[PDB]
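What follows is a pair of forms of the same protein chain, given separately as structure tokens and numbered structure 1 and structure 2.
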Structure 1
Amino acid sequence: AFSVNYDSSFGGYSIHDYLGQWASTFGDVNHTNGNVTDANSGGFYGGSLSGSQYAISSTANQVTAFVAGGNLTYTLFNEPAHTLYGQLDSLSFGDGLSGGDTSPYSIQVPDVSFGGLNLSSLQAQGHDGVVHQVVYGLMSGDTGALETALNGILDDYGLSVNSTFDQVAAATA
């Protein structure tokens, strides 16, 4: 039940092409040991350290953003420390993050969204869990874990992240 939604200007991009463009614009928020403040922590909708969405905007341009949707919880200092886990269904990418407190986060100039990812990870997997790898990678402007996960999904259709959005649309829709 994987789905893709995209601005039609991306029809002829591969998934890999689009993610490379987004990652080059987003940069890296440097959410690392010695470097974490409110500026680069992002935030959850629905709670302080858990909720139905997690979102963050670029510290390089202040506008490029992603929103992850699902049921997500971050352990902060509980073991295994600094682990994001749960059920991740959707990822939306674009410019202009809005909302997040009394209403859900959304994106004002959206490019692409993936839904039906059905990725699931347990607290005890710590940093090797697929949800943590995907989202922490995106915060660091590294799309590798997401690309590996999407290849796992797309193999059922005989596609991969080198397929264009219009190719994926014809296969899943």
Structure 2
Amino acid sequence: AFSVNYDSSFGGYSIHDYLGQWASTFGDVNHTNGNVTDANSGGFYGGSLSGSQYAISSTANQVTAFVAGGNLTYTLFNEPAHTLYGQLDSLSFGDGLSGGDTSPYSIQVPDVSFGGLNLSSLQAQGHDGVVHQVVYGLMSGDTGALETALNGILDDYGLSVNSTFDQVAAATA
């Protein structure tokens, strides 16, 4: 049922009066096209994050970056906490990062990229999942988990991470 709680000093105020005073001090956040940042976006509680891509740029130089493509969700503060899981199809490495809103993320000056990775992990595996280990590894500048996963795939072609890009392109054609 509809209910109202209030500090007792507002007992004799009308609802209209109160909301007029609240709005007066609040002002206008100007949540409009071209004007939305973290200062006026507001925020959500209780939710997870999802998307066909996750991307991040270096804080050391703000240029070096990677883009993970697939079907990913991140539990954020839901349990198991701070777990990335789902399907990791692709990984692009290079300099500069554009898009991410009404267009996909893209590396501006691409070096190298991998497609058809076919890596997946369940929510319940938590931080032990391969997708989480790979992507979080890369956020921390640690390629070890990625290289272990790539060695697993490349094993089918008699290759490894010590193979060159030309060798890998030759066997996977």
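We call the rigid core whatever largest set of C-alpha positions still superposes within 1.5 Å between the two forms. When a residue number appears, read it as a position in the sequence of structure 1, where counting begins at 1. Shifts are known only where both forms have a C-alpha.
Peer 1: Compare C-alpha positions between structures 1 and 2 after fitting on the rigid core and state which of 135, 117, 29, 56 moves by at least 2 angstroms.
Peer 2: With the rigid core superposed, the residue that stands out is 29.
Peer 1: If the chain moves as two rigid parts between structures 1 and 2, put down the smaller part's rotation against the larger in degrees.
Peer 2: The smaller domain rotates by 179 degrees relative to the larger one between structures 1 and 2.
Peer 1: For residue 102, what C-alpha shift in Å results between structures 1 and 2 following superposition on the rigid core?
Peer 2: Once the two forms are fitted on their core, the shift reads 1.1 Å.
Peer 1: For residue 41, what C-alpha shift in Å results between structures 1 and 2 following superposition on the rigid core?
Peer 2: In the core superposition between structures 1 and 2, the C-alpha of residue 41 moves 16.3 Å.
Peer 1: Which consecutive stretches of at least 3 residues differ between structures 1 and 2 by 2 Å or more at every CA, rigid core held fixed, listed in sequence order?
Peer 2: Only this run moves by 2 Å or more: 1-48.
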